[PDB]
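Protein chains in written order, with this note's numbering: chain F, 174 to 258; chain W, 200 to 367; chain X, 2 to 102; chain P, 11 to 156.
C-beta atoms are modelled at their ideal positions from N, C-alpha and C, and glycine is treated no differently.
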Amino acid sequence: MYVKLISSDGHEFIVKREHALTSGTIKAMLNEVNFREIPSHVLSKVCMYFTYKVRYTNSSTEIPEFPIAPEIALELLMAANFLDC
Amino acid sequence: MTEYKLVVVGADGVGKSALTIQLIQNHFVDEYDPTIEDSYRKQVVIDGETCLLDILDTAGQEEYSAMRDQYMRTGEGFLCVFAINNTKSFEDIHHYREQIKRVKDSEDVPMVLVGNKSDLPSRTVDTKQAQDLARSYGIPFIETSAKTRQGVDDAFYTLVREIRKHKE
Amino acid sequence: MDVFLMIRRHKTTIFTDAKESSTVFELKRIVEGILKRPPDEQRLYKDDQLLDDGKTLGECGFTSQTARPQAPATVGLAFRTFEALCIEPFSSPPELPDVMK
Amino acid sequence: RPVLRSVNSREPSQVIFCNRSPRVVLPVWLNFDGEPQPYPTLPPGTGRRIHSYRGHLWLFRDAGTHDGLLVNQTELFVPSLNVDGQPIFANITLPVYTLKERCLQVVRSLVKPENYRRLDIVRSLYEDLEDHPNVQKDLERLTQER
Ligand SMILES: CC(C)[C@@H](C(=O)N1C[C@H](O)C[C@H]1C(=O)NCc1ccc2cnn(C)c2c1)n1nnc2c1CC[C@H](CCCN1CCCN(c3nccc(-c4noc([C@@]5(C)CCCc6sc(N)c(C#N)c65)n4)n3)[C@@H](C)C1)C2
Ligand SMILES: Nc1nc2c(ncn2[C@@H]2O[C@H](COP(=O)(O)OP(=O)(O)O)[C@@H](O)[C@H]2O)c(=O)[nH]1
Ligand SMILES: [Mg+2]
């Protein structure tokens with residue numbers, strides 16, 4: 174099963190349902206979820222965190238650092254605060 | 200006039216007090232109170248340099264308080280002494296080095312392994328065992344006898360040189 | 002072993018994972034289950050390189066070092082003549098505040 | 011009184027600290043009264059054979075920022091007795107931080123605390139930025155989660 178996430182600028186991000194449930198706010202709402210508060214370059218980064226979380230939670234290998242460019246840090250912080258992830 | 204703070208540690212009865220009194224007062228004490236801990240100062244010429252040696256002859260029961268931790272933290276070099284006729288004293292060396300590493304917040308602390316009472320025939324710890332232990336620690340191993348004065352000056356002067364190499 | 006990708010066409014981005022040994026055709030079947038288009042009507046790209054169905058993903062250039070969960074590799078997708086590859090760019094972050102240097 | 015404390019077992023236990031994280035690890039030992047006691051740090055990718063005791067409690071933090079870290083996939087490490095002298099391994103890694111906490115870390119590392127409130131964010135996040143990682147507070151949370 175997959176979930177479709179719509180950014181505020183109309184980009185469509187299709188992610189595995191289990192990946193989207195990492196967000197508390199998406200979990201509460203739940204096939205398609207529209208976000209007027211997250212642009213595409215931020216929501217794309219958010220989806221990278223989703224696969225990162227599901228891959229490395231309870232991982233028996235070492236966990237790499239999640240990278241965050243300074244230019245996206247402030248907007249990503251607001252998104253994560255809104256998504257509860 | 201440079202000063203070197205030396206601390207002599209090891210199990211009770213290994214010869215810490217006898218080694219120290221032999222270095223400063225140049226005589227062998229047959230029965231020094233196992234309870235008296237004191238510091239001794241001596242002006243010595245080591246490799247042409249006149250130094251003040253501040254030797255702590257530790258004694259008493261264990262105490263893992265902040266105050267005793269800090270007291271030992273001030274020592275720049277440690278003489279870890281065991282007796283060749285006492286296996287337990289050799290087995291305790293690991294614990295003494297571990298506590299030195301903890302308070303010095305480092306694993307590269309100037310120290311010398313000392314096998315005392317080398318004048319006694321009743322050996323229970325082999326010199327090869329001590330050489331191997333010293334090699335794994337990366338420290339010199341010196342065989343001493345406070346009674347015959349064997350290696351006594353060498354043990355203390357080598358610890359001073361280990362501090363100098365560490366101070367550079 | 003596992004490579005993490007984001008397959009992009011126009012304003013659609015698919016976050017999925019695959020095995021480094023899996024082939025390009027097998028990745029088109031993954032897209033089929035999502036976008037309801039058969040592999041015969043899909044063209045996959047790595048940058049501007051048309052990917053041959055028979056080659057594995059590793060042989061195309063997707064490796065664990067370059068296709069990480071936190072940094073997936075981009076795979077362009079075209080649907081059928083075949084259309085020219087078109088990837089609509091994401092939005093842009095604002096200028097970095099001076100308090101952030 | 012504190013539940014999270016070391017047991018005074020006095021039974022030695024050989025342990026290997028292994029920093030498999032990109033951070034400088036601050037090993038923190040909870041003494042017999044539950045107080046945190048810092049130990050020498052581990053640069054990234056470094057191992058160290060340490061001398062501990064049975065029933066002693068350990069946690070690991072970022073030496074510079076006190077960010078939380080995991081040991082053997084969990085928050086705390088308690089070595090037991092060695093079986094046939096083989097050492098007990100402690101694999102220290104990053105956790106999977108929440109995206110919000112990872113963002114807080116990156117903003118904390120870029121902005122100076124005086125200029126925290128000069129950012130174009132919500133006032134709620136101004137408090138989250140100033141709420142730096144805290145070992146004593148994490149002990150309260152772990153005590154209650156028990
Ligand atoms: C109380 C704590 C020290 C603690 C402990 O060790 N921990 C807590 C965590 O588990 C980790 C572990 C630890 O730190 N590992 C060392 C270490 C080092 C580097 C690194 C780097 N990273 N890491 C994580 C590191 C960890 N702890 N918890 N339980 C116990 C202890 C301490 C030992 C207790 C059992 C001892 C029983 N003895 C009775 C018989 C005779 N014995 C004896 N008799 C008289 C005196 C002494 C003695 N020993 O040292 C000293 C000196 C003077 C010399 C020297 C410097 C200091 S400093 C100080 N205060 C001293 C004193 N008095 C000394 N004299 N010894 C000895 C051999 C055994 C059981
Ligand atoms: N044969 C011999 N006996 C020693 C030597 N050093 C110390 N002793 C004896 O070992 C006993 C304990 O020595 P002591 O100085 O009290 O050691 P401490 O308890 O570590 O300070 C004393 O009765 C000494 O006479 C040595 O080098 N040779
Ligand atoms: Mg004495």
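Just mark residue i as buried or exposed, buried being the case when its beta carbon has 16 or more other beta carbons within 10 Å.
i                : result
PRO54 (chain P)  : exposed
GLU248 (chain W) : exposed
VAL188 (chain F) : buried
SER22 (chain X)  : exposed
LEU135 (chain P) : buried
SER180 (chain F) : buried
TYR225 (chain F) : buried
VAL93 (chain P)  : exposed
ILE235 (chain W) : exposed
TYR263 (chain W) : exposed
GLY350 (chain W) : buried
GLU342 (chain W) : buried
Examine chain W for any beta-carbon lying closer than 8 angstroms to the beta-carbon of residue i, and answer yes or no.
i               : result
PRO50 (chain P) : yes
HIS61 (chain P) : yes
Is any beta-carbon of chain P found at less than 8 angstroms from that of residue i?
i                     : result
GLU297 (chain W)      : yes
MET7 (chain X)        : no
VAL188 (chain F)      : no
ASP304 (chain W)      : yes
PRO243 (chain F)      : yes
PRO98 (chain X)       : yes
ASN231 (chain F)      : yes
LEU247 (chain F)      : yes
residue 277 (chain F) : Outside the modelled stretch of chain F, which goes from 174 to 258, sits residue 277 (chain F), for which no answer is possible.
How about residue i: is its C-beta nearer than 8 angstroms to some C-beta of chain X?
i                : result
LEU69 (chain P)  : no
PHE255 (chain F) : no
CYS220 (chain F) : yes
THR234 (chain F) : no
Taking the CB atoms as reference points, tell me whether residue i and residue j lie closer together than 8 angstroms.
i                : j                : result
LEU129 (chain P) : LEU249 (chain F) : no
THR17 (chain X)  : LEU6 (chain X)   : yes
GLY74 (chain P)  : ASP148 (chain P) : no
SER344 (chain W) : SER305 (chain W) : no
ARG240 (chain W) : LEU222 (chain W) : no
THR84 (chain P)  : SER31 (chain P)  : no
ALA354 (chain W) : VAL311 (chain W) : yes
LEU78 (chain X)  : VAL32 (chain X)  : yes
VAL35 (chain P)  : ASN29 (chain P)  : yes
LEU40 (chain P)  : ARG15 (chain P)  : yes
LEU45 (chain X)  : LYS56 (chain X)  : no
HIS192 (chain F) : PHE223 (chain F) : yes
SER216 (chain W) : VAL228 (chain W) : yes
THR108 (chain P) : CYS258 (chain F) : yes
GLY65 (chain P)  : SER19 (chain P)  : yes
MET2 (chain X)   : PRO243 (chain F) : no
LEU256 (chain F) : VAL219 (chain F) : yes
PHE277 (chain W) : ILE299 (chain W) : yes
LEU52 (chain X)  : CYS61 (chain X)  : yes
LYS12 (chain X)  : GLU205 (chain F) : no
I'd like to know whether the C-beta of residue i is nearer than 8 angstroms to at least one C-beta of chain F.
i                : result
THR56 (chain P)  : no
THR24 (chain X)  : no
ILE131 (chain P) : yes
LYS37 (chain X)  : no
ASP54 (chain X)  : no
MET101 (chain X) : yes
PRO40 (chain X)  : no
Got a sec: does ligand 4 put a non-hydrogen atom nearer than 7 angstroms to the Cβ of residue i?
i                : result
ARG267 (chain W) : Ligand 4 is not part of the structure shown, which contains ligand 1, ligand 2 and ligand 3 as its ligands.
Entirely enclosed alpha helix (DSSP H) segments - the region 235-318 of chain W, minimum 4 residues: 265-272, 286-290 and 292-303
Ranges of the beta strand (DSSP E) found wholly within the region 49-95 of chain X, counting only runs of at least 3: 74-80
Segments assigned beta strand (DSSP E), at least 3 residues, entirely inside the region 174-246 of chain F: 175-179, 185-189 and 205-207
Contact residues within the region 79-92 of chain X, judged by C-beta distance below 8 angstroms to chain F: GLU89, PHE91 and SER92
Against chain F: residues of the region 25-54 of chain P by CB proximity under 8 angstroms: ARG30, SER31 and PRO32
Against chain P: residues of the region 325-340 of chain W by CB proximity under 7 angstroms: none
Interface residues of the region 106-118 of chain P facing chain F [CB-CB below 9 angstroms]: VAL106, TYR107, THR108, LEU109, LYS110, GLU111, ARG112, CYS113, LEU114, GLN115, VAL116 and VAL117
Secondary structure, beta strand (DSSP E): runs of 3+ residues fully inside the region 80-121 of chain P: 98-103
Residues within the region 178-212 of chain F neighbouring chain X, beta-carbon criterion of under 9 angstroms: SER180, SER181, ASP182, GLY183, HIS184, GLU185, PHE186, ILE187, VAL188, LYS189, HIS192 and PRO212
Selection of the region 66-92 of chain P by Cβ proximity to chain F, strictly under 7 angstroms: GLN83
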